[PDB]
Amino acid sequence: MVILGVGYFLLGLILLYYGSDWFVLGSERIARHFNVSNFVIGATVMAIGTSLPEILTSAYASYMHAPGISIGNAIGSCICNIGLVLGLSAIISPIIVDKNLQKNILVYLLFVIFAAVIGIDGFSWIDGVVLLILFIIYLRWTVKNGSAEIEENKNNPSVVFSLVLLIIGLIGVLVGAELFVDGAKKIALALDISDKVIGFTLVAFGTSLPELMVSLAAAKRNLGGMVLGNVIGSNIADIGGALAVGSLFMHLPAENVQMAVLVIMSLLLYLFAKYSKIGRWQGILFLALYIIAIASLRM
């Protein structure tokens, strides 16, 4: 309608700007309550809350007999998370990785390499069932090594604020992203600038807006571990969660080009984390590869 396609667009961005910040502050206070590293709270609670858009999209698309979008959206998100999301964040707040997280990232690499190998055929529902189970135990393994056993425990009005601040921030970024996207074709439709590729590859970016905005918030507060966790977790939540659910309704066609790309960056992310840093010149490299990715890779 334009306006409601604008007074939306802006309304969503404000719910993204402040929403991401509250979702970060809420998670970081929760992470300190469960005594758990920022990496883990980002790899679990945040990663899944942010990857809810891809899950529902991939599910809805695969069910609607459009499996190409489902897998395309799942892998497209992963590439965006390493290239754009982590790329921007690394420059802002460089992270050096302790040897506790290097192995968690190494697990991520094996996981991705595994999905790529069994994905050459495509993704049968069985292929998805396995991924969904590997995804489940990754979380528990991540919580286990990242946690310590203490008390636990409340009415504690310092935890209720943490919990509430978290879910408000989550509802904020999910709605704020939804408003942004809905507000984005209302502006496009009423100027008659619409077809196929804007109607999709805009929402392909729409599901990635929660990760982007949330990571920018944590990076600006130098909570780099949380960012790194939210990137790794979301990716696994995209492969083991979004993609897997897509395989249940229908066979997902092979995307060996995008997988090979994802593996390379994932490989790059590990090597940087083990022997070097994740700072300006690595983040720059990720963005460059992301630029090349969106410039050259097909429809």
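When you see a residue number, it is the position in the sequence shown, counting from 1. Definition used throughout: the rigid core is the maximal C-alpha set that superposes within 1.5 Å between two forms.
The stretch that moves more in 8 other deposited structures of this protein, judged by CA deviation after a rigid core superposition and choosing between 100-108 and 201-209, is 201-209. After superposing on the rigid core, the larger RMS C-alpha deviation in 8 other deposited structures of this protein belongs to 188-196, the other candidate being whichever of 188-196 and 167-175 remains.
Modelled in this chain, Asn153 is nonetheless absent from a third or more of the other compared entries whose models extend past it on both sides. In terms of unmodelled positions of the deposited sequence, the stretch from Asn153 to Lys154 in this entry skips 1 to 3 residues. In this entry, the higher average B-factor at the C-alpha atoms falls on 195-203, of the pair 139-147 and 195-203. Per the PDB record, of the two stretches 6-14 and 278-286, 6-14 carries the greater mean B-factor over its C-alpha atoms. In this structure the maximum Cα B-factor among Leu88, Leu189, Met226, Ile133 is found at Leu189. Placement of the Cα temperature factor of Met64 within the chain: highest third of the modelled residues, per the deposited record. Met1: CA B factor lies in the highest third for its chain, per the PDB record. Sort the chain's modelled residues by C-alpha temperature factor and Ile294 lands in the middle third, per the entry.
Ranked against the other modelled residues of its chain, the C-alpha B-factor of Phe180 as given in the entry falls in the highest third. Sort the modelled residues of the chain by CA B factor and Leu163 lands in the highest third.
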